[PDB]
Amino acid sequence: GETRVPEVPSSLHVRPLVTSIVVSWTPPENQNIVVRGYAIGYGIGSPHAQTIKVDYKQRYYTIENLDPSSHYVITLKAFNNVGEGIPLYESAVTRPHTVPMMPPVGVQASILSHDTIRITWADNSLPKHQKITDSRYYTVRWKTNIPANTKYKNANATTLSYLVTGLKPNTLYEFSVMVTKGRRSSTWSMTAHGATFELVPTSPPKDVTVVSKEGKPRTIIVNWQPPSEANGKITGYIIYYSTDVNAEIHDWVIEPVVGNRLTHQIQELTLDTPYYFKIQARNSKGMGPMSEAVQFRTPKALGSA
């Protein structure tokens, strides 16, 4: 039906720029009246200055070659062969040509437990001892010193004090803080070292091998590798041995070993007897878990078969 003039469009939106203005719209609600195109009337103060006509398929237009920091009134008319419809009016001021922080100081690491460390820092920018009046947020990163090129774990903090969660014991950590406000951003602060507190081991010692001594069959050599989850400095190891594997933990013969050693010798044992062995690690905090039983039969005597 081209007997009537097109109706007013359903919506009109304007986004301003330095020398441009982005006009975005939606077609009129009543699809009954045929629309041939759209007319965009723009100008400083009044929308009469210039007129741009676009096709019916178009839903956006960028008005180019405009003066910066100027208030523009834009109109959108839907038009066909009988005329131009009721306009949607919208105005926008063009943005100016001009397009655009010190890192925290006195970063100190305060260790509380094996998994949590408190980080404190002061600002020279703020006049008072502590001031949270501006919309500024801090970003703290952490990584292990032992492995090369460790992936940084970032966490955003609101206050000057932050507690780090999910950390491994007996590992050195480095920390860096940075203040961020708006578009501008500052670099990382001076790295502060913080070693986690020692903890009771959670893993038993690995690679447990029992081999009898060359020449002396009554003596046996037990070899083992240190456990993965040591959680602290190694102070020693305890070896348990018994002829019956089903026997209670305290019925097994206690053998004390020093922290430096990873191999121990067990003397005065019965020949042609199957022995079972269980080892556990220890630190300054507690006693680690016992390893799985390792069966090893002692050699047969010269007598009989």
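Heads up: residue numbers just count along the shown sequence, starting at 1.
The deposited sequence places 4 to 9 unmodelled residues between residue 100 and residue 101.
Averaged over CA atoms, B-factors in the entry run higher in 256-264 than in the other of 256-264 and 34-42. The PDB entry reports B-factors from which the mean C-alpha value can be compared for 82-90 and 190-198; the larger average falls on 190-198. Per the PDB record, 158 has a higher Cα B-factor than any other of 75, 158, 212, 223. Highest C-alpha temperature factor among 95, 184, 71, 216, as the PDB entry reports it: 184.
Among all modelled residues in this chain, the alpha-carbon of residue 282 has a temperature factor (C-alpha) in the middle third.
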